[PDB]
Amino acid sequence: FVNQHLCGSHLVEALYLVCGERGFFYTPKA
Amino acid sequence: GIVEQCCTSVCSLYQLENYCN
């Protein structure tokens, strides 16, 4: 489900699902 | 950045996992 255009909350949602308890960091600028 | 690689263009599992802790 990750091989598509993921923008906004949908991208953040994908990171949440994929990374799991590892967590993630979201940096839209840098 | 992640927006350029996953929003502007098609994302991939490799690129997502680069942002996991």
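Student: Now, about the nonpolar core: what can you tell me, with residues and values included?
Tutor: Residues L6, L11 and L15 of chain A together with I2, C6, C11 and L16 of chain B are the most contacted members of the largest nonpolar core, which totals 15 residues. Elements represented by at least two residues in this core include exactly α1 (9-19) of chain A together with α1 (2-8) of chain B. Of all the elements, α1 of chain A adds the most residues to this core, at 5 residues. If sequence neighbours within four positions are ignored, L15 of chain A has contacts with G20, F24, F25 and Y26 of chain A together with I2, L16 and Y19 of chain B.

Student: Go over a nonpolar patch on the surface, please, and point to the residues and values.
Tutor: All names here are of chain A. Together, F1, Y16 and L17 line one region of the surface with nonpolar side chains, adding up to about 400 Å² of accessible area. Following the sequence through the fold, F1 ends up in the segment before α1. Using a relative accessible area of 62% as the deciding quantity, one classes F1 as exposed.

Student: Tell me about the environment of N21 of chain B, and name the residues and values.
Tutor: Mapped onto the secondary structure, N21 of chain B falls in the segment after α2 (13-17). Residue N21 of chain B is classed as exposed on the basis of its relative accessible area of 57%. Residues within four places of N21 of chain B in sequence aside, it is in contact with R22, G23, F24 and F25 of chain A.

The rules behind these values
Residues numbered from 1 in each chain as written, not as in the entry; some residues may be left out. Chains lettered and ligands numbered in written order. Heavy atoms only, no water. Core = buried A, V, L, I, M, F, W, Y, C linked by side-chain atoms within 4.5 Å. Buried < 20%, exposed > 50% of the residue type's maximum accessible area, 1.4 Å probe, protein only. Helix = DSSP H or I, 4+ residues; strand = E, 2+ residues; numbered from the N terminus. Contact = heavy atoms within 4.5 Å. Patch = residues over 30% accessible without salt bridge, like charges linked within 9 Å, V, L, I, M, F, W, Y side chains within 5 Å. Areas by Shrake-Rupley, 256 points an atom, 1.4 Å probe, with all protein chains shown as cover. Salt bridge = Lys/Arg side-chain N within 4 Å of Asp/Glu carboxyl O.

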